[PDB]
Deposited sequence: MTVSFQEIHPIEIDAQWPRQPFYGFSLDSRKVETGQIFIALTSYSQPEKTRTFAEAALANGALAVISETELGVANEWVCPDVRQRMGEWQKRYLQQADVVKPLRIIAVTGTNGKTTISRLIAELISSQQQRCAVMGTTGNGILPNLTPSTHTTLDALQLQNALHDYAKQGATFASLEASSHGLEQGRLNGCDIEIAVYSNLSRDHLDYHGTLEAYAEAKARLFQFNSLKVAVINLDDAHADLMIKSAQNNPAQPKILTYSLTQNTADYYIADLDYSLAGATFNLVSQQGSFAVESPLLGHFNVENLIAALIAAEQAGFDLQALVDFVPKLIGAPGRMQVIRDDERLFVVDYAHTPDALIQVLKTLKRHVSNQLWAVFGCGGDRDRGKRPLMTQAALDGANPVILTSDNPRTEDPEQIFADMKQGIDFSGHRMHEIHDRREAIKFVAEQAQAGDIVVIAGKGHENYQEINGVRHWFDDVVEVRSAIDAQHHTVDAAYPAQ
């Protein structure tokens, strides 16, 4: 089809360009194609904007729609274009190359967006549908994803359209607060919305009410069929009320780990080296879940994902049966399983970070939770015993080892780490060579143990004497484990 702007969003204007063929919208004056219409967002250097719009006209743009008066030719001033442009681009694509629409699920929340998003995609895909996922670990059809920081509304519509062209019947999206405020999802006919949580720490520049209200905007979409809302969260009520005030009157579903009044809750939860087991209880009965995922947050995330996928027309029992096969999202922990032991390589560079991963893993450990760690050289000597204290408070045994000692005398580093510390009642070893420490725990840890190797994560060097030597914790763990199965 030939497509004109009048068919997308008709206007009264003394100009012929709205009646002409155009080839979609663009936010990029450099790479705008000929006969595309340029959208001139005022780019808060306001004087840059007019030059961008002029460059775009020079590169073949048919016209310019701007938030403000810019004095360019073939111009239409539309102050809220930032909020309508996703819809306009979707309309353009359905005019030019009509496809059957995707069914769109979106999750909003400070934490869990990626995990819930991907679990939803994985469940729906397990039921032989094809599901697209779009977020900070990638974009596309399971399993190949495209990992721009995040997409503008036009790019969102172009990708959603491409996925429909390729067979996807569903898409699972993350919805950040800034994204919602900016109109980035406005073109989307969002069927199911999920709310995970809201947390005081975010790095979003506004008052907390603006952050929460940005999120509530997701539940005002008149596309909304179902709202899936985490009851255990302080701002649940805000989300709920918007769902109630939605003209489309979507169905509201609450979930809770504790309160049995929510539409969904859980019974008899417990943890293990395999993950977690619990009963997911709803009006339709009880379902025994065998999750392969670590941590309490992932019980929450899995609950939200299962509900959203059910609400998409799939049977709860089939999804629950698929759960043991769920992969999840790449995280802060690198987990190596061997002979009923978990080895967890993790950046845990401060006392708080070490204690947090130890608290998570202590839920799962069957026998002993080990911590292996060191303290960087040529750094604050006063923080070293605090690291040791944190390890002792959360793990036993603990292994004191080396981590980027640099030019500092190792004896001083280790003396510092031990300053004022009482090791009575703890199994402690001090193993200066790091490769030696990892070999030690690899051999010594028993069935039901979890071993945290902290301090490096993906950092693949060990700095000594000014020299960064190749050193990878995961490589050493897997070597040692391999050496154990070998003669």
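Unmodelled segments of the deposited chain, in sequence order: 45, 149 to 150, 207, 492 to 499.
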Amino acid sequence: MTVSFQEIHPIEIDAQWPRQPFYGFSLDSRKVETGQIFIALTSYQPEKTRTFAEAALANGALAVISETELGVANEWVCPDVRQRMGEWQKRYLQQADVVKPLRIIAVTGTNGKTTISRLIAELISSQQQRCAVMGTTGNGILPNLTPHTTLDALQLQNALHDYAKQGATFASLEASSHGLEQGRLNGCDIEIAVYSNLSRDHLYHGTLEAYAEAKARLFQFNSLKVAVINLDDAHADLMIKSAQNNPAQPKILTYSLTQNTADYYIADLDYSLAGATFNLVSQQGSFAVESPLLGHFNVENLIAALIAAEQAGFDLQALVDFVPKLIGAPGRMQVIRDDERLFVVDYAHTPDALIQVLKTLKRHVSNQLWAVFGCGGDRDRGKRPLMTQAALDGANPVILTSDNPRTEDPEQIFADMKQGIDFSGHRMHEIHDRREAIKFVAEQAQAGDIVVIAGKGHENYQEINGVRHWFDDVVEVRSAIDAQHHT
From here on, numbers count along this sequence of modelled residues.
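Remark: stretch with higher mean C-alpha B factor among 25 to 33 and 415 to 423 is 25 to 33. Two stretches are in play, 182 to 190 and 206 to 214, and the higher mean C-alpha B-factor belongs to 206 to 214. Taking the deposited Cα B-factors for 157, 256, 298, 117, the highest one is held by 256. Of all the options 291, 356, 139, 95, the entry's greatest CA B-factor is assigned to 139.
When the CA B factors of the chain's modelled residues are split into thirds, the value for residue 435 lands in the lowest one. The deposited CA B-factor of residue 54 belongs to the highest third of values across its chain. When all modelled residues of the chain are sorted by CA temperature factor, residue 147 is found within the highest third.
Residue-level temperature factors show residue 130 in the highest third of its chain, judged at the C-alpha atom. Ranked by C-alpha B-factor against the other modelled residues of its chain, residue 61 falls in the middle third.
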